[PDB]
Protein chains: 2
Amino acid sequence: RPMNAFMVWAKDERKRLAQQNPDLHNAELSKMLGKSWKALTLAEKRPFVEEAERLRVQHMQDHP
Amino acid sequence: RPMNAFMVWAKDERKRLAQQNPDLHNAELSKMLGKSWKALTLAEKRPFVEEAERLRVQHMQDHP
Ligand SMILES: [Zn+2]
Ligand SMILES: [Zn+2]
Ligand SMILES: [Zn+2]
Ligand SMILES: [Zn+2]
Ligand SMILES: [Zn+2]
Ligand SMILES: [Zn+2]
């Protein structure tokens with residue numbers, strides 16, 4: 001049940017937005033994140049994509 | 001074309017939210033405002049309601 005590329009990338013983007021806008025609702029936070037991720041190119045998402053692949057390998061190996 | 005009670009009340013509530021959350025989109029800003037206003041009771045909206053009535057009078061008198 002590891003995080004996918006988006007979750008991996010969002011984890012940091014979320015804190016930066018939430019630890020700055022106490023009034024910014026979570027639902028909207030998720031919506032902004034959803035769209036910013038979409039606007040990104042593969043070249044910009046690549047590292048988050050590789051990290052999700054790394055995490056998936058460890059899970060499938062049962063976390064040695 | 002004077003502001004109604006909501007606009008009158010929002011004018012201040014908007015600046016306080018926008019001059020604090022550069023990342024908070026306008027569409028969402030309007031949505032939050034729309035709902036907070038709704039949650040308010042007449043007793044809390046009264047002064048903004050009176051101001052809108054004052055403004056309407058001046059307009060109907062053609063702004064003397
Ligand atoms: Zn909201
Ligand atoms: Zn790869
Ligand atoms: Zn696992
Ligand atoms: Zn938005
Ligand atoms: Zn009155
Ligand atoms: Zn007028």
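Proteins come first, then strands; the chains are lettered A, B, ... in the order of their sequence lines, and each starts at number 1. Values below: every heavy atom of this structure, side chains too, minus hydrogens, waters and symmetry copies.
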Say you draw a straight line from CD of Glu28(B) to NZ of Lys31(A); how long is it, rounded to the nearest 0.5 Å?
6.0 Å
ILVMFWY network linking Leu40(A) to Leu17(A), side-chain heavy atoms under 4.5 angstrom:
yes
CD (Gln20(A)) and CG (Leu24(B)) are apart, to the nearest 0.5 Å, by 12.5 Å
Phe48(B) reachable from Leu55(B) in the ILVMFWY side-chain graph, under 4.5 Å edges
yes
Enumerate donor-acceptor pairs with a distance under 3.5 Å from any side-chain N or O in residues 5-12 of chain A to protein atoms, sequence neighbours excluded.
none

Do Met32(A) and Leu29(B) share a hydrophobic cluster, counting only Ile, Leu, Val, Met, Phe, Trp and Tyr and linking them when any side-chain heavy atoms are less than 4.5 Å apart?
no
Separation between CG of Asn21(B) and CG of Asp23(A), rounded to the nearest 0.5 Å
3.5 Å
